[PDB]
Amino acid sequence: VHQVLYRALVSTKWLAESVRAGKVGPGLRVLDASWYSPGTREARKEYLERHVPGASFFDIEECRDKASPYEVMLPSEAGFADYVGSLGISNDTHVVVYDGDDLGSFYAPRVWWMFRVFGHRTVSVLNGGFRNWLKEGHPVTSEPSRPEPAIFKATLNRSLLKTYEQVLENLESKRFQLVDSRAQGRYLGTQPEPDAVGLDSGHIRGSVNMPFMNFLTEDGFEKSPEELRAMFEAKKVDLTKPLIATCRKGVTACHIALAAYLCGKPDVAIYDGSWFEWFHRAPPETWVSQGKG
C-alpha cells in the first residue's frame, strides 16, 4: 500500500467490484491509455463508444513534450500535473490504467511508469486489459465522464529516467545492463522500423533483447513471477544489478520495468529517448545492425 511494493497489477474482478461499490471518484480513478498506429485502430472513438464506467481517456499525444523532435517524450512536471489534475487525480488517488490492445497490454505500462517517475506511488495496471474486461462481460458504457478537477503535485524522480548522455557513458562504464524490448527483427536489423523516414533498425551496442510480448500469456495476462524470473535468467539479465530498458520510443520498455517490479526490483530506469532519439544523435559506431554499414 506503498512503494514497499505497491500493488502494480489489479484484476478485472477487483475493478468491477470497486466499480459496483461506487468506489470510483477522487480516491480511485480509471484511465484508458490506448494508442494505435495511425490508420489502424481509432483509440479515442473506441473509448467514446465503450469504456469502463467512470473512466477517462488518457491521451499520450497530449501528455508529452510537444517541443521535442523525438517521439513520446515526458512532459515537464508542470505539464504532467496539469494534465492529471484535470482528470480529477490528486496525490491521494489510487490510479488504474488500461489499454485496448489485442495483446492484452501495450501503452498501459507506459502510463504506470509515468506516474512513478513523477513521484506517484499508488498506480496499477488492469491485468488482462480491456480485452479481458470485455471477454468477461463486465459493465461498459458510453456515457460521458466529467470528474471534478483535482490538484496534483508532481516531482520528477531522476533515478527512474535515463538521458542520451547517461546511456552514452554507460557505453564506457558498463555499469548498467541495457535491455531492448522490441521485436527481435527490429532489434537484429532484419525488419524495418515503421512510421519513420530514413530510420534504420538495429540496436545499441551491448544491448540484450527481451521482446515485450514474451511477458504476456496467450490470453493477454501478465505471466507469473516465477516465470518472469526464469525469463530474465535465461536472458542473462541479473536482477540484482542496475538495468536500463529501452525500445523504439520509451513505450514498451515499460513492460521490462513492470515485470522487474513484479519480481521485486522497482529500480529499472527508462531510456525515454530510445532508439528513435539514439539513431538521430549518436555516432553510428555505437550501434549495430544485421545490414548497411
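Just count from 1 along the sequence shown to find any residue number.
- Between the stretches 179-187 and 162-170, it is 179-187 that shows the larger average CA temperature factor.
- The PDB entry records a higher mean C-alpha B factor for 144-152 than for its counterpart among 207-215 and 144-152.
- Comparing the C-alpha B-factors of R44, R29, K235, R248 in the entry, the top value falls on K235.
- When the C-alpha B-factors of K135, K223, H94, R110 are ranked from the entry, the top spot goes to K135.
- Ranked by Cα temperature factor within the chain, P194 sits in the middle third according to the deposited record.
- The deposited CA B-factor of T40 belongs to the highest third of values across its chain.
- Among the modelled residues of its chain, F118 has a C-alpha B-factor that falls in the lowest third, as given in the PDB entry.
- Per-chain ranking of the deposited C-alpha B factor places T240 in the highest third.
- Ranked by C-alpha B-factor against the other modelled residues of its chain, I270 falls in the lowest third.
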